[PDB]
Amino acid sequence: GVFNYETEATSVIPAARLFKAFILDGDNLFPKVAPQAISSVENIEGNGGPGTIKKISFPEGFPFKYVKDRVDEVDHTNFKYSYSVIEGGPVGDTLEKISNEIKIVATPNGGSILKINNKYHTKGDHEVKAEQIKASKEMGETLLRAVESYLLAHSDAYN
């Protein structure tokens, strides 16, 4: 079955620039700006569109070794990105996949709002609990803030 979670986050970075950096260049930026959270990102297959698979490795001491993420859809106009966690970490005999969707929306103050949906697809109704969701949210926030800080400090990056 499916467990659905929605949340929102904010940024002081305009939507298009944040999308370009945080979504379209995460394979390069995440290990650079958040080495304590992400040890490396490997492209396994594909040229960036639907079906592209990446292997995201975590540092020593983290709960999980790695996850493999698959790009589902990328909307460069509406700043929407969909991807699924398809192997590693929590995925296995109790969890088939995590299907994620992010949309970045401009605000009039020059910032943005990130609208985030995560759908956990379980095998044999193994309850997804608050603790896993909390962890995932903390990681996403850590990554967002690290990228934000980088974009604040490097004005010529991603215009």
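From 1 onward, residues are counted along the sequence shown.
Stretches compared: 147 to 155, 133 to 141. Higher mean C-alpha B-factor in the entry: 133 to 141. If you average the C-alpha B-factors over 101 to 109 and over 62 to 70, the higher value belongs to 101 to 109. In this PDB entry, the Cα temperature factor of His126 sits in the top third of its chain's modelled residues, the highest group. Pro31: CA B factor lies in the middle third for its chain, per the PDB record. Annotation for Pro90: CA B-factor lies in the highest third of the chain's modelled residues. Sort the modelled residues of the chain by CA B factor and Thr52 lands in the lowest third.
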